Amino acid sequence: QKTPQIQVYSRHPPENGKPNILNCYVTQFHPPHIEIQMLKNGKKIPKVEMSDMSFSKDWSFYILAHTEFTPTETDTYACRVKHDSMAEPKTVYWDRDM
């Protein structure tokens, strides 16, 4: 059992009001079964695109979750990850500066 590493980030540099793509890149986990949600303001975004399962040369699995989004100064965004290695779901919020 390996703990997932998460990165939440945008495809393009973010500008308020401009449509963009928000990515959740989950990495370094095992077993392959995992559950990923993406939240706007704390509520689940309905149409979340999942990439197909892959793994790296170190055997660990990785996956990209992504959604359409138009960021604003008020709205927050997050990725919720559920995995056998973690007691509780880990949520990591989007930081424009990272």
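Throughout, rigid core stands for the largest set of C-alpha atoms superposing within 1.5 Å between the two forms. In case it trips you up, residue 1 is the first one in the sequence shown, and so on.
- Of the two segments 64-72 and 48-56, the one whose CA positions lie farther from the displayed form in 7 other deposited structures of this protein, once all are superposed on the rigid core, is 48-56.
- Look at the C-alpha B-factors of 20-28 and of 85-93. On average they run higher in 85-93.
- Across the two stretches, 61-69 and 46-54, the PDB entry reports the greater mean Cα temperature factor for 46-54.
- The PDB entry assigns residue 5 a C-alpha temperature factor belonging to the middle third of its chain's modelled residues.
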